[PDB]
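Quick notes on the structure that follows.
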Amino acid sequence: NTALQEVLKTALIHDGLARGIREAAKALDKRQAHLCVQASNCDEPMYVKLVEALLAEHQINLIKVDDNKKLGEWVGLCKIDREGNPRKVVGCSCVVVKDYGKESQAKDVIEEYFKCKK
RNA sequence: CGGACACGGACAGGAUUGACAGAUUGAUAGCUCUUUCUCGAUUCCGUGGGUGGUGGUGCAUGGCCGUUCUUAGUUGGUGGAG
């Protein structure tokens, strides 16, 4: 439960993420891929059928979350503000991190990973 | 586009750059078409707005110069006409 809340959120700042209408399906073909995340409300589940054919066969590693209406202010464009509107952006279904570069609380994500999925 | 910014939408389930091969070209300008690969929020689209101008106006101006002016001319400060 700590893995869901705060320790994924310690390293998502400036790294090689996924952002844009060709990029998320572009940058997954790379062997720098550390821990990633998937929004589990994709309307056609055939896009995520492709990434599940991509993720488990090598060491790519997911966390399931709800959507992108709430991750829409997590990826890098925040629309709610003291002046921003409640609807400017929609986030992504699938972003990655290709190099951490910092070890702030980067253990509870990596401890969770070889904990339950062996 | 070398149209900064302000606002609204379109933007990760598909905005925007680049580009070989073939008509397309005056031309190795993907200019544009044909099929498709590619860059990664940078932007595009409309709406207000700066901008650039060897664009007009020397009869709106400045500065500079030229001339009447290449000759000896010019002017105040406190002094006559019951």
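Lettering and numbering for the structure tokens are positional, with chains as A, B, ... in the shown order, residues counted from 1 in each chain, and ligands counted from 1 in the shown order.
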Within 8 Å of chain A, which residues belong to chain B? Use only C-alpha atoms (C1' of nucleotides) and report them as a PDB file with C-alpha atoms (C1' of nucleotides), in the first residue's frame.
ATOM      1  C1'   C B  11      -2.978  16.883 -27.407  1.00  0.00           C
ATOM      2  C1'   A B  12      -0.784  10.699 -25.153  1.00  0.00           C
ATOM      3  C1'   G B  13      -7.026   5.031 -27.341  1.00  0.00           C
ATOM      4  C1'   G B  14      -2.920   9.199 -31.905  1.00  0.00           C
ATOM      5  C1'   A B  15      -1.342  17.658 -31.859  1.00  0.00           C
ATOM      6  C1'   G B  40       9.031  14.367 -29.183  1.00  0.00           C
ATOM      7  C1'   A B  41       5.106  18.770 -26.114  1.00  0.00           C
TER       8        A B  41
END
I'd like to know which residues of range 30-112 of chain A are strand (DSSP E or B) (by DSSP, run on the backbone); could you write them as a list in words?
residues 37, 38, 39, 64, 65, 94 and 95 of chain A
Helix (DSSP H, G or I) residues, from DSSP on the backbone, in chain A, as a PyMOL selection string
chain A and resi 2-5+47-55+71-73+107-116
Contacts of residue 86 in chain A at 12 Å or less, counting only C-alpha atoms (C1' of nucleotides), minus same-chain residues fewer than 4 places along, as a ChimeraX atom specification?
/A:69-70,72-73,78-82,90
Filtering to C-alpha atoms, could you give me those residues as a short mmCIF file (atom, residue, chain, number, x, y, z; two decimals), in the first residue's frame?
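So the final result, stored in part18.cif, reads:
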data_model
loop_
_atom_site.label_atom_id
_atom_site.label_comp_id
_atom_site.auth_asym_id
_atom_site.auth_seq_id
_atom_site.Cartn_x
_atom_site.Cartn_y
_atom_site.Cartn_z
CA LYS A 69 -8.30 11.41 -15.66
CA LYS A 70 -6.51 11.38 -12.28
CA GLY A 72 -3.59 13.58 -15.93
CA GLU A 73 -1.93 15.87 -13.37
CA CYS A 78 -1.15 19.87 -14.40
CA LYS A 79 -4.51 21.38 -15.36
CA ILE A 80 -6.02 22.10 -11.93
CA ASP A 81 -4.35 25.16 -10.39
CA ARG A 82 -5.33 28.46 -8.78
CA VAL A 90 -5.63 14.05 -20.23
#
One decimal, in Å: what's the spacing between CA of residue 4 in chain A and CA of residue 108 in chain A?
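Straight-line distance from CA of residue 4 in chain A to CA of residue 108 in chain A works out to 9.8 Å.
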Would you mind reading off the distance between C1' of residue 16 in chain B and CA of residue 14 in chain A, one decimal, in Å?
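So the answer is 21.8 Å.
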Applying 8 Å and only C-alpha atoms (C1' of nucleotides), which residues near range 43-60 of chain B remain after dropping the ones on its own chain fewer than 4 positions away? List them as an NGL selection string.
:B and (3-7 or 10 or 15-16)
Export C-alpha atoms (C1' of nucleotides) of the chosen residues as a PDB file, in the first residue's frame?
ATOM      1  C1'   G B   3       3.589  35.968 -36.086  1.00  0.00           C
ATOM      2  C1'   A B   4       6.651  37.594 -29.131  1.00  0.00           C
ATOM      3  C1'   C B   5       2.768  36.899 -25.849  1.00  0.00           C
ATOM      4  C1'   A B   6      -3.045  36.581 -23.812  1.00  0.00           C
ATOM      5  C1'   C B   7      -7.210  33.460 -24.108  1.00  0.00           C
ATOM      6  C1'   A B  10      -7.692  20.175 -30.473  1.00  0.00           C
ATOM      7  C1'   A B  15      -1.342  17.658 -31.859  1.00  0.00           C
ATOM      8  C1'   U B  16       3.141  18.892 -34.293  1.00  0.00           C
TER       9        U B  16
END
Have a look at CA of residue 30 in chain A and CA of residue 53 in chain A and let me know their distance in Å, one decimal.
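Taking CA of residue 30 in chain A and CA of residue 53 in chain A, their separation equals 14.7 Å.
For the set A:7, A:116, A:60, A:13, the residue with the smallest atom-to-atom gap to residue 101 in chain A is A:13, counting only C-alpha atoms.
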Can you list, as number ranges by chain, every protein, DNA or RNA residue that comes within 12 Å of range 32-35 of chain A when you count only C-alpha atoms (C1' of nucleotides), leaving out same-chain residues fewer than 3 positions away?
A: 3, 7-9, 11-12, 15-18, 27-29, 38, 54-55, 58-64, 94-101, 106-113
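For the set A:104, A:37, A:31, A:6, the residue with the smallest atom-to-atom gap to residue 75 in chain A is A:37, counting only C-alpha atoms.
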